[PDB]
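When reading the values below, keep in mind they use all heavy atoms of this one structure, side chains included, and skip hydrogens, waters and symmetry mates. Order of the sequence lines fixes the chain letters, A, B, ..., with proteins taken first and strands second; residue numbering starts at 1 for each chain.
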Amino acid sequence: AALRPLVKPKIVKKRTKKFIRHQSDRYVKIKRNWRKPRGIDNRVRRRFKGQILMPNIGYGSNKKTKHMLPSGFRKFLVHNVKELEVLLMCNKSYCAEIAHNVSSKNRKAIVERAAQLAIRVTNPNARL
Amino acid sequence: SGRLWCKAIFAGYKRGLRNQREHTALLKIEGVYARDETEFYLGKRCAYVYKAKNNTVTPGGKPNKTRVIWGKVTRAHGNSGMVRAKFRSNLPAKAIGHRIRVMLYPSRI
Amino acid sequence: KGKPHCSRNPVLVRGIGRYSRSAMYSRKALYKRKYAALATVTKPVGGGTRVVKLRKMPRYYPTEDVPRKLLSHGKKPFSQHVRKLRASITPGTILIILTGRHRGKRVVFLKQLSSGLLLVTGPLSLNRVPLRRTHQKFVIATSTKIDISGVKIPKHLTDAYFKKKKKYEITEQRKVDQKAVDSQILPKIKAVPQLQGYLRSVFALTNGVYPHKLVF
Amino acid sequence: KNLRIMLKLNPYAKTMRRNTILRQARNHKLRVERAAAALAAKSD
Amino acid sequence: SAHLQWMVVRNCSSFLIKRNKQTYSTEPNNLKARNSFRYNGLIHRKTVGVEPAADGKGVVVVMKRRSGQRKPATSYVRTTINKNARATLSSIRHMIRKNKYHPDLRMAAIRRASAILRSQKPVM
Amino acid sequence: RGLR
Amino acid sequence: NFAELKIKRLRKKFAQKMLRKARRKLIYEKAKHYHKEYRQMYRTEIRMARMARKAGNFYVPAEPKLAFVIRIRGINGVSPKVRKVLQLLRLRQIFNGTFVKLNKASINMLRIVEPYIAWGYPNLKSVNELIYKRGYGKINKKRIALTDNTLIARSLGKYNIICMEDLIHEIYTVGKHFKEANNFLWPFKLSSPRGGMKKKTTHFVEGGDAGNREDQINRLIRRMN
RNA sequence: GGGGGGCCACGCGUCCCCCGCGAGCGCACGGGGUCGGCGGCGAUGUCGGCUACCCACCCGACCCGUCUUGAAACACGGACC
RNA sequence: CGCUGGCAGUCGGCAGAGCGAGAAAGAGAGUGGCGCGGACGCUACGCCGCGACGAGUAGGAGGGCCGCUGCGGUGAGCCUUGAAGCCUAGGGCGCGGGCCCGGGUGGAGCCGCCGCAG
Ligand SMILES: [Mg+2]
Ligand SMILES: [Mg+2]
Ligand SMILES: [Mg+2]
Ligand SMILES: [Mg+2]
Ligand SMILES: [Mg+2]
Ligand SMILES: [Mg+2]
Ligand SMILES: [Mg+2]
Ligand SMILES: [Mg+2]
Ligand SMILES: [Mg+2]
Ligand SMILES: [Mg+2]
Ligand SMILES: [Mg+2]
Ligand SMILES: [Mg+2]
Ligand SMILES: [Mg+2]
Ligand SMILES: [Mg+2]
Ligand SMILES: [Mg+2]
């Protein structure tokens with residue numbers, strides 16, 4: 001009884017690993033978040049063989065399947081019941097995520113309205 | 001009642017000297033050592049058969065420890081009976097020097 | 001109201017006729033063949049008479065649709081595809097089944113069905129292989145033949161006869177065509193010496209045996 | 001390699017491919033009877 | 001004009017939501033609820049709105065009359081359609097096509113009216 | 001007008 | 001009323017259909033005559049050689065008016081004078097090919113770009129293979145594939161070049177509008193030579209590749225095309 | 001110019017030099033793939049999860065910043081947060 | 001990046017559904033011999049179509065629905081039926097900067113959009 005999308009094309013991702021920062025492994029002060037190396041002798045920005053890769057524009061996802069969940073839907077953040085009548089006409093391509101700061105009492109009412117509006121919820125059993 | 005596959009050795013990957021390409025495997029089928037004798041094996045189906053810890057479902061049988069990476073001979077390699085094969089997942093490098101099967105059922109005769 | 005006629009030129013190669021445009025005009029003789037120039041229904045009731053609508057308008061529309069697709073031309077369904085069959089597989093030959101539960105068994109080829117699959121019964125008194133289809137890719141065709149030209153295969157043995165329905169139990173129809181084919185196959189393979197024993201054996205590879213060195 | 005694309009760009013290719021089939025068949029039919037008359041010349 | 005006030009409301013309206021790489025509108029008469037010039041429910045002289053009824057069943061169809069444009073109290077006429085799923089789909093289509101009332105919104109109105117009737121069904 |  | 005409008009639009013559609021059929025017949029009989037011209041040009045050179053050998057003299061054929069030029073090295077470390085000539089020959093990439101008509105002003109440029117190219121005298125079948133398989137037109141400064149004769153006829157139709165056969169004729173026999181017909185063609189984006197090069201760095205008469213291979217450019221054309 | 005095979009040649013009625021609409025019906029090397037084709041397994045041990053936890057193997061792989069013509073440097077700064 | 005390309009023609013019973021085609025220009029006007037029907041679109045700062053191209057230190061420019069803090073507006077925004085913060089072998093999105101959900105911890109405030117300021 002899952003809610004199917006309009007179409008479900010095959011999602012092609014050119015890379016599934018993260019782009020980790022250079023030398024984020026030898027230090028705890030160096031976080032995993034990407035910083036482009038700009039040193040004069042840096043072996044990573046000079047693109048030496050066998051090193052950490054750099055986030056070029058060529059890794060960009062296909063525009064038909066960009067920002068699309070593995071269920072085939074795209075995502076919209078929802079805070080209250082009123083934001084679902086926004087999504088009822090975009091029903092077969094966009095789904096709802098109830099926001100984290102929404103209480104369980106209102107979160108029950110949101111998924112109750114989404115069930116009759118046939119809108120898919122990515123977290124319907126979230127808090128209870 | 002008997003063996004229905006040809007013996008092959010996973011010799012290594014398709015490579016240069018300082019670069020290797022893991023999506024193509026080099027295969028050494030037993031008994032063929034020249035390019036004029038390897039057109040029989042072109043297009044045949046390859047099988048890396050191995051065993052693991054967890055049980056997996058077997059088509060037409062009870063679950064067991066055995067699982068296989070399937071593949072296919074694509075072209076001849078070299079000048080001495082080696083062939084190239086492509087597999088659906090790239091072969092693990094612990095299988096270098098190990099037996100894989102070349103089936104006969106993609107048959108042209 | 002004309003009787004349909006065949007193509008008046010033979011196929012020289014595919015896509016090219018043997019006779020040209022003017023020669024074909026002459027063969028067809030167009031020189032004396034010149035020419036020049038719901039929805040509703042009425043139904044009664046017991047007041048008036050109703051124009052009842054066929055194919056009424058839909059009661060529901062989805063929020064989004066998919067558009068129509070562009071038109072291709074060479075793409076036919078599987079029931080209209082041409083059936084290729086390699087030259088080594090002629091009726092009466094001996095095959096080796098490679099992929100079923102009948103692995104390595106020597107069997108007798110009868111005919112190719114409409115789906116392209118091969119109708120095979122290597123006889124059940126020898127092989128325990130019934131009247132059963134197999135695919136021609138997964139078959140080794142041995143160069144060992146018998147004369148089979150006087151064997152009357154029943155006409156109901158078709159693709160729908162061997163398609164699965166849904167424990168599977170043998171039926172008496174499949175049991176009596178099994179006897180009917182085998183009663184006229186078995187004296188033709190019992191004439192050639194050692195052929196029934198060759199059929200009862202199972203093909204296998206041993207040490208030093210390479211399939212590209214041996215001929216079949 | 002595509003015949004009807006070739007005829008779309010060049011309609012005379014239909015006759016230039018009907019010939020070099022017809023005359024090749026006729027020359028093949030001539031050489032086989034010539035070779036069969038040689039086999040009769042070495043039989044008589 | 002409609003274009004003139006669209007150039008004001010296209011980016012700094014209070015009905016506009018821009019998140020998750022999408023844009024919408026919470027406008028009362030915006031059927032399909034998206035931010036565009038064609039579907040905007042307040043800049044045009046002739047607007048069509050399709051909403052659920054106040055009680056459980058029925059579909060309310062709202063039009064905007066041509067006379068009172070600066071008079072929003074009596075501007076919108078409202079009708080309630082508590083019928084079967086097919087005659088309402090013929091009725092709204094008639095109200096748009098035969099009256100020639102903003103004719104490029106007819107299938108959007110039918111698609112909204114079908115969704116309201118589907119939402120008013122018992123859930124499974 | 002040649003074919004009528 | 002519309003009964004006159006429908007038949008008027010039908011007569012317009014019919015006139016468009018007859019104008020197309022007359023053009024197709026024109027293309028067919030143009031190619032049929034080009035066949036006869038190629039047969040005459042092939043048989044005449046054999047005849048003129050035989051009739052000289054009968055009298056005991058020698059027949060000297062005319063030097064060919066057409067050449068095919070292929071750039072056979074990369075873009076790294078190139079002299080500036082040679083870069084300018086390689087750009088005026090439209091050979092901006094390795095394994096690019098172009099048709100060049102031959103005169104003194106062309107031979108003195110091919111001598112300048114001699115170690116970086118491999119040029120020669122193309123066959124008629126070589127021109128057929130090159131224009132049919134790799135033929136792309138420069139239309140509105142865009143590389144457009146020659147998939148229909150209208151694409152040629154829309155740009156080169158003022159020079160009476162209206163199909164593939166007219167284009168191949170004006171390339172093979174270097175005609176009046178050879179400059180326009182050759183500049184309409186995009187430079188030929190050819191693959192690497194199958195089988196392999198002999199030696200890229202040396203001249204053809206030194207057992208290499210560079211320079212003028214006179215009759216042997218076709219052997220490179222089949223393995224590179 | 002005179003007295004067996006392929007032709008994108010097949011009108012009638014003149015003057016004259018050279019002696020503007022036929023309908024239908026299907027097939028397809030024709031403006032980028034479809035099947036109107038199928039088979040196996042699936043409720044307490046199995047199916048899918050590329051990414052993320054650990055481990056194994058093959059190939060690659062010198063520590064960053066900086067000055068410098070030139071840094072992995074037996075050039076300087078740097079234990080870690 | 002270029003074509004300083006295309007689309008306001010969604011022109012519907014006040015209807016007639018087109019501008020790819022080798023050849024400057026009008027599917028122009030007049031004057032005489034049953035069945036009530038037809039997908040999507042167009043945030044024009046939007047959408048769509050053809051080609052060609054893609055190294056980079058010093059440096060320059062553009063785009064950030066990348067990020068932090070505060071202010072004017074705005075979400076009939078979120079919140080003791082649990083905010084900020086923190087932890088996480090959990091599920092994901094984005095080339096990336098980063099972000100959204102799930103679990104736990106915690107006990108009182110916090111965020112999205114349009115602009116402004118550092
Ligand atoms: Mg440096
Ligand atoms: Mg075992
Ligand atoms: Mg160099
Ligand atoms: Mg080779
Ligand atoms: Mg050199
Ligand atoms: Mg190593
Ligand atoms: Mg320094
Ligand atoms: Mg120094
Ligand atoms: Mg420097
Ligand atoms: Mg350094
Ligand atoms: Mg040192
Ligand atoms: Mg110092
Ligand atoms: Mg120190
Ligand atoms: Mg760059
Ligand atoms: Mg951690």
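Here the closest heavy-atom approach between residue C:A204 and residue B:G2 is recorded as CB-CA, 3.7 Å. Taking every heavy atom of both residues into account, B:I109 and C:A141 meet most closely at O-CB, 3.4 Å.
Of the two parts of C:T142, neither the backbone nor the side chain holds a non-hydrogen atom closer than 4.5 Å to a non-hydrogen atom of chain B.
Close approach to chain B, defined as a heavy atom under 4.5 Å from one of its heavy atoms, is seen in C:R86, C:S88 of residues 82-92 of chain C, taken by number.
Counting heavy atoms of neighbouring residues, nucleotides and ligands inside a 6.0 Å radius, atom CG of B:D36 exceeds 12 of them. Dense packing is recorded around CZ of B:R3, with more than 12 heavy atoms of other residues, nucleotides or ligands lying under 6.0 Å away. Heavy atoms of other residues, nucleotides or ligands lying less than 6.0 angstrom from CZ of B:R45 number more than 12. Shown here is C:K175, whose NZ atom has no more than 12 heavy atoms of other residues, nucleotides or ligands within 6.0 Å. Within a 6.0 Å radius of CG in C:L214, more than 12 heavy atoms belonging to other residues, nucleotides or ligands are found.
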Stepwise, does the side chain to side chain contact (heavy atoms under 4.5 Å, CB included) test hold for C:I140 with B:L104?
-> CA-CA 8 Å; C:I140 285 171; B:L104 294 174; 4.1 Å; yes
I would like to know whether B:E39 and C:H212 meet side chain to side chain contact (heavy atoms under 4.5 Å, CB included); could you show each step before the answer?
-> CA-CA 9 Å; B:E39 67 267 11; C:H212 72 292; over 6 Å; no
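Listed options C:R101, C:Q136, C:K137 were ranked by heavy-atom pairs under 4.5 angstrom with chain B; first place goes to C:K137. Between chain C and the options B:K7, B:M103, B:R108, heavy-atom pairs under 4.5 Å are most frequent for B:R108.
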Mind listing the side-chain donor-acceptor pairs of residues 66-81 of chain B below 3.5 Å, one per line with the distance, residues two or more places apart or on another chain?
unit_1 : atom_1 : unit_2 : atom_2 : d
B:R67  : NH2    : B:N54  : O      : 2.9
B:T74  : OG1    : B:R84  : O      : 3.2
B:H77  : ND1    : B:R84  : NE     : 3.1

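Ring orientation note: the planes of C:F216 and B:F40 are nearly perpendicular, at an angle over 60° on the 30°/60° scale.
Side-chain atoms of B:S1 and C:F203, non-hydrogen and from C-beta on, never get closer than 4.5 Å to each other.
The closest donor-acceptor contact from the side chain of B:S107 to the backbone of C:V139 lies under 3.5 Å.
Here the CZ atom belonging to C:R103 is positioned 9.0 Å from the OH atom belonging to B:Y105, to the nearest 0.5 angstrom.
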